[PDB]
Amino acid sequence: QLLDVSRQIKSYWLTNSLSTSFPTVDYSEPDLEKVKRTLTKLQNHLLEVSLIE
Amino acid sequence: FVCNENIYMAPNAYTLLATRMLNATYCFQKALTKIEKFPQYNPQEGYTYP
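Read top to bottom, the protein sequences are chains Z and S.
Here the entry's author numbering is used: the first residue of the first sequence is 69, the next is one more, and so on.
Here the entry's author numbering is used: the first residue of the second sequence is 109, the next is one more, and so on.
See below:
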């Protein structure tokens, strides 16, 4: 019975929503300007473009 | 005691009731000793019977 109680206590401690974070494994870089350029490049396929005005 | 051409001891109440109690006890101890070894306890799964 004591072991049941101690287990319950552990579970309770682990049930508490105190994590307040995420695992976050990041560090692969966006290189956005490349995505812009590939977007435009695709969107203007076979299209003669001109300058803004 | 004499009955149907038979002689008997007709014993003392204490020995009768005592022996009865002793039988009952023995049954209890045997049944409990058989059961006590069997059940399994895992603390997350509970009490299990195989």
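Cβ atoms here follow ideal geometry from the backbone N, Cα and C, with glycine treated the same way.
> Along the chain, where does the beta strand (DSSP E) that runs through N131(S) open and close?
Replying inline: Your numbering for residue 131(S) matches position 23 in the second sequence. Looking at the DSSP string, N131(S) is not in any beta strand (DSSP E); the run it does join, the alpha helix (DSSP H), is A121 to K145.
>> Let me check one thing: in DSSP terms, what residues is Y95(Z) bridge-paired to?
In response: Taking the first sequence and counting its residues from 1, one reaches residue 95(Z) at position 27. None; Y95(Z) has no bridge partner.
>> For the beta strand (DSSP E) containing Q111(Z), name the first residue and the last one.
In response: For the purposes of this step, residue 111(Z) is taken as residue 43 along the first sequence, with counting starting at 1. Run containing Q111(Z): none in the beta strand (DSSP E); it sits in the alpha helix (DSSP H), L100 to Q111.
> Who does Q148(S) pair with in a DSSP beta bridge?
Replying inline: Counted from its first residue, the second sequence places residue 148(S) at position 40. Answer is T156(S), bridged to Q148(S).
>> On the DSSP bridge list, what partners appear for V110(S)?
In response: For this step, residue 110(S) is matched to residue 2 along the second sequence. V110(S) pairs with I115(S).
> Taking the C-alpha atoms as reference points, what is the distance between residue 122(Z) and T88(Z)?
Replying inline: Because chain Z in this structure spans residues 69 to 121, residue 122(Z) falls outside the shown range and cannot be described.
> Residue range of the alpha helix (DSSP H) that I120(Z) falls in?
Replying inline: As a first step, residue 120(Z) must be located in the first sequence, where it is residue number 52. Run containing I120(Z): none; DSSP gives neither H nor E here.
> What number of angstroms, rounded off, separates the C-alpha of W81(Z) from the C-alpha of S74(Z)?
Replying inline: By one-based count along the first sequence, residue 81(Z) stands at place 13. By one-based count along the first sequence, residue 74(Z) stands at place 6. Roughly 11 Å separates the two Cα atoms.
> Which first and last residues belong to the alpha helix (DSSP H) in which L82(Z) is found?
Replying inline: Here residue 82(Z) refers to the residue found at position 14 when the first sequence is read from its first residue. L82(Z) -> alpha helix (DSSP H) spans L70 to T83.
> From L124(S) to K145(S), what distance separates their C-alpha atoms?
Replying inline: For the purposes of this step, residue 124(S) is taken as residue 16 along the second sequence, with counting starting at 1. For the purposes of this step, residue 145(S) is taken as residue 37 along the second sequence, with counting starting at 1. If I take the Cα positions, the gap works out to 33 Å.
>> Here's a check: name, in chain order, each residue in its chain whose Cβ is nearer than 6 Å to the Cβ of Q152(S), leaving out the five neighbours to either side.
In response: For the purposes of this step, residue 152(S) is identified with residue 44 of the second sequence, where counting begins at 1. There are no such residues.
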